[PDB]
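What follows is work.pdb (PDB, C-alpha atoms (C1' of nucleotides)).
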```pdb
ATOM      1  CA  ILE A   1     140.633 112.398  89.927
ATOM      2  CA  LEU A   2     138.414 111.017  92.673
ATOM      3  CA  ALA A   3     136.273 114.148  92.752
ATOM      4  CA  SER A   4     136.080 114.014  88.951
ATOM      5  CA  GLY A   5     135.283 110.312  88.789
ATOM      6  CA  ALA A   6     132.669 110.625  91.526
ATOM      7  CA  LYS A   7     131.016 113.490  89.639
ATOM      8  CA  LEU A   8     130.859 111.552  86.373
ATOM      9  CA  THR A   9     129.117 108.587  88.031
ATOM     10  CA  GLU A  10     125.439 108.663  87.135
ATOM     11  CA  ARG A  11     124.362 105.013  87.565
ATOM     12  CA  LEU A  12     125.074 101.850  89.497
ATOM     13  CA  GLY A  13     123.600  98.396  89.783
ATOM     14  CA  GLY A  14     121.312  96.316  87.648
ATOM     15  CA  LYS A  15     119.495  97.654  84.590
ATOM     16  CA  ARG A  16     121.472 100.926  84.582
ATOM     17  CA  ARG A  17     120.729 101.364  80.869
ATOM     18  CA  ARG A  18     116.954 101.129  81.466
ATOM     19  CA  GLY A  19     116.720 103.727  84.214
ATOM     20  CA  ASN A  20     117.480 101.811  87.391
ATOM     21  CA  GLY A  21     120.101 103.107  89.740
ATOM     22  CA  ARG A  22     120.357 106.795  88.896
ATOM     23  CA  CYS A  23     122.446 108.385  91.645
ATOM     24  CA  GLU A  24     124.668 111.178  92.891
ATOM     25  CA  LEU A  25     127.965 110.034  94.374
ATOM     26  CA  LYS A  26     129.780 112.652  96.456
ATOM     27  CA  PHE A  27     132.925 112.459  98.537
ATOM     28  CA  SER A  28     133.010 114.463 101.724
ATOM     29  CA  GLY A  29     135.533 117.225 101.213
ATOM     30  CA  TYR A  30     135.940 116.764  97.451
ATOM     31  CA  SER A  31     134.130 119.406  95.414
ATOM     32  CA  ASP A  32     134.376 121.129  92.047
ATOM     33  CA  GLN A  33     137.421 122.825  93.576
ATOM     34  CA  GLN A  34     139.232 119.498  93.275
ATOM     35  CA  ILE A  35     137.867 119.107  89.751
ATOM     36  CA  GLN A  36     138.878 122.645  88.807
ATOM     37  CA  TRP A  37     142.427 122.161  90.070
ATOM     38  CA  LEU A  38     142.910 119.155  87.772
ATOM     39  CA  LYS A  39     141.429 121.030  84.807
ATOM     40  CA  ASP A  40     143.886 123.826  85.632
ATOM     41  CA  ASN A  41     146.817 121.460  86.189
ATOM     42  CA  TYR A  42     146.357 118.125  84.411
ATOM     43  CA  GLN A  43     148.776 119.040  81.600
ATOM     44  CA  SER A  44     151.702 119.245  84.051
ATOM     45  CA  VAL A  45     150.999 116.118  86.087
ATOM     46  CA  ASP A  46     153.435 113.186  85.589
ATOM     47  CA  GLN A  47     153.413 109.497  86.306
ATOM     48  CA  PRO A  48     152.517 108.688  89.897
ATOM     49  CA  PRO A  49     155.343 107.497  92.153
ATOM     50  CA  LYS A  50     156.347 103.844  92.122
ATOM     51  CA  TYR A  51     154.844 101.534  94.744
ATOM     52  CA  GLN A  52     156.992  99.896  97.405
ATOM     53  CA  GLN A  53     156.088  97.825 100.435
ATOM     54  CA  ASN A  54     156.469  99.096 103.962
ATOM     55  CA  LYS A  55     159.359  96.941 105.136
ATOM     56  CA  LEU A  56     159.912  95.545 108.610
ATOM     57  CA  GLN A  57     162.625  96.989 110.825
ATOM     58  CA  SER A  58     164.429  95.294 113.683
ATOM     59  CA  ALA A  59     166.627  96.641 116.466
ATOM     60  CA  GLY A  60     167.276  93.370 118.300
ATOM     61  CA  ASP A  61     167.248  95.244 121.612
ATOM     62  CA  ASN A  62     164.442  93.259 123.277
ATOM     63  CA  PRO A  63     165.221  91.771 126.694
ATOM     64  CA  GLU A  64     165.484  88.008 126.949
ATOM     65  CA  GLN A  65     162.155  86.404 127.776
ATOM     66  CA  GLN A  66     161.443  85.817 131.456
ATOM     67  CA  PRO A  67     158.406  84.291 133.137
ATOM     68  CA  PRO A  68     155.696  84.889 134.146
ATOM     69  CA  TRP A  69     153.672  85.040 130.972
ATOM     70  CA  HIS A  70     150.973  87.646 130.658
ATOM     71  CA  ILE A  71     147.817  86.691 128.815
ATOM     72  CA  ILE A  72     146.081  89.728 127.343
ATOM     73  CA  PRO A  73     142.613  88.780 126.057
ATOM     74  CA  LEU A  74     141.557  90.372 122.779
ATOM     75  CA  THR A  75     137.879  90.501 121.870
ATOM     76  CA  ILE A  76     137.281  90.683 118.111
ATOM     77  CA  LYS A  77     133.875  91.771 116.857
ATOM     78  CA  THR A  78     133.139  91.510 113.140
ATOM     79  CA  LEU A  79     131.721  94.744 111.737
ATOM     80  CA  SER A  80     131.594  93.776 108.092
ATOM     81  CA  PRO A  81     131.746  90.242 106.707
ATOM     82  CA  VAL A  82     135.276  88.891 106.953
ATOM     83  CA  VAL A  83     136.813  86.521 104.419
ATOM     84  CA  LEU A  84     139.477  84.306 106.003
ATOM     85  CA  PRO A  85     140.595  82.008 103.188
ATOM     86  CA  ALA A  86     140.237  78.341 104.014
ATOM     87  CA  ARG A  87     140.740  77.265 100.406
ATOM     88  CA  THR A  88     140.893  79.212  97.157
TER      89      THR A  88
ATOM     90  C1'   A B   1     158.377  83.141 111.459
ATOM     91  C1'   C B   2     153.984  87.927 109.494
ATOM     92  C1'   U B   3     146.355  89.620 106.560
ATOM     93  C1'   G B   4     147.795  88.466  99.116
ATOM     94  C1'   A B   5     146.768  91.800  95.407
ATOM     95  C1'   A B   6     143.147  93.210  91.967
ATOM     96  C1'   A B   7     137.694  92.026  89.873
ATOM     97  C1'   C B   8     130.338  96.570  89.138
ATOM     98  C1'   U B   9     126.014  90.191  89.591
ATOM     99  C1'   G B  10     126.007  92.411  85.494
ATOM    100  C1'   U B  11     124.342  91.979  80.119
ATOM    101  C1'   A B  12     119.383  91.631  76.448
ATOM    102  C1'   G B  13     113.873  91.625  77.186
ATOM    103  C1'   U B  14     107.543  97.573  76.098
ATOM    104  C1'   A B  15     102.980  94.333  81.771
ATOM    105  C1'   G B  16     100.965  93.364  77.206
ATOM    106  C1'   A B  17      97.048  91.149  73.417
ATOM    107  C1'   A B  18      91.799  90.992  72.952
ATOM    108  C1'   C B  19      86.742  93.251  74.476
ATOM    109  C1'   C B  20      81.527  99.126  71.362
ATOM    110  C1'   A B  21      79.607 100.729  78.486
ATOM    111  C1'   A B  22      76.001  98.790  76.121
ATOM    112  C1'   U B  23      70.546  96.775  75.553
ATOM    113  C1'   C B  24      64.672  98.204  76.111
ATOM    114  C1'   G B  25      61.546 102.827  76.984
ATOM    115  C1'   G B  26      56.688 108.635  72.263
ATOM    116  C1'   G B  27      57.762 113.685  77.945
ATOM    117  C1'   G B  28      53.078 111.278  78.024
ATOM    118  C1'   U B  29      47.734 111.768  79.522
ATOM    119  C1'   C B  30      40.384 112.269  81.892
ATOM    120  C1'   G B  31      36.909 110.761  85.380
ATOM    121  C1'   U B  32      35.261 112.144  89.916
ATOM    122  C1'   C B  33      36.302 112.641  95.039
ATOM    123  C1'   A B  34      34.445 111.870 100.194
ATOM    124  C1'   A B  35      31.020 108.579 104.201
ATOM    125  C1'   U B  36      27.679 109.057 106.719
ATOM    126  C1'   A B  37      22.555 109.541 109.064
TER     127        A B  37
END
```

Take the structure from the file and write it as structure tokens.
Amino acid sequence: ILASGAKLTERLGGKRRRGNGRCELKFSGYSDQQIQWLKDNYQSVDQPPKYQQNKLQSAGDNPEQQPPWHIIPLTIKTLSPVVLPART
RNA sequence: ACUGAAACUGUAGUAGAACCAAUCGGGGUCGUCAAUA
């Protein structure tokens, strides 16, 4: 699908219909081979599997807390913009 | 005591209307030339 949908993309952005934004969109490692497999196989696909969350697990085997504390500093650098909701 | 999810800044719109690269001009026709001794 992703190979196929990438291939069919011809335009993005503003004034697509008036010749802005003509493009090729290619995934690394998806080719017409991935397209051809779907063409060969799409009739025998089914529904995708149902989504479920990754649940937490607990053993309870931690030792009881004892001093001293350790303070491990973590430096965070933003690489994209980051949205941290104050109010929606 | 626990990151929400998902959502194309897109959609319509002719850098165009107007403006003469033009106005005037017979491919024509006659007197010397030179300055010393």

Padding 5 Å on every side, please: axis-aligned box over the listed atoms of segment 10-18 of chain B, centre and edge lengths to one decimal in Å, as lines of an AutoDock Vina configuration file.
```
center_x = 108.9
center_y = 94.3
center_z = 79.2
size_x = 44.2
size_y = 16.6
size_z = 22.5
```

Practice item. Rank nothing, just name the residue among A:39, A:26, A:15, A:77 nearest to chain B, using all atoms listed in the file. Key: A:15

Practice item. For the file shown, report as a PyMOL selection string the outcome of the PyMOL selection byres ((chain B) within 10 of (chain A)) at residue level. Key: chain B and resi 2-3+8-11

Explicit residues for the PyMOL selection byres ((chain A and resi 11) around 6) (as an mmCIF file with C-alpha atoms, in the frame of the given file):
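Heads up, here's the output in part.cif:
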```cif
data_model
loop_
_atom_site.group_PDB
_atom_site.id
_atom_site.type_symbol
_atom_site.label_atom_id
_atom_site.label_comp_id
_atom_site.auth_asym_id
_atom_site.auth_seq_id
_atom_site.Cartn_x
_atom_site.Cartn_y
_atom_site.Cartn_z
ATOM 1 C CA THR A 9 129.117 108.587 88.031
ATOM 2 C CA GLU A 10 125.439 108.663 87.135
ATOM 3 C CA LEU A 12 125.074 101.850 89.497
ATOM 4 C CA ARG A 16 121.472 100.926 84.582
ATOM 5 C CA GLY A 21 120.101 103.107 89.740
ATOM 6 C CA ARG A 22 120.357 106.795 88.896
ATOM 7 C CA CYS A 23 122.446 108.385 91.645
#
```

Check your understanding: Expressed in Å to a single decimal, how great is the separation between atom CA of residue 4 of chain A and atom CA of residue 37 of chain A?
Key -> 10.4 Å

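The two atoms in question, atom CA of residue 44 of chain A and atom CA of residue 32 of chain A, are spaced 19.2 Å apart.
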
Check your understanding: If you apply the PyMOL selection byres ((chain A and resi 2) around 10) to this file, what residues do you get, as a VMD selection string?
Key -> chain A and resid 1 3 to 8 26 to 27 30 to 31 34 to 35

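What separates atom CA of residue 87 of chain A from atom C1' of residue 5 of chain B is a distance of 16.5 Å.
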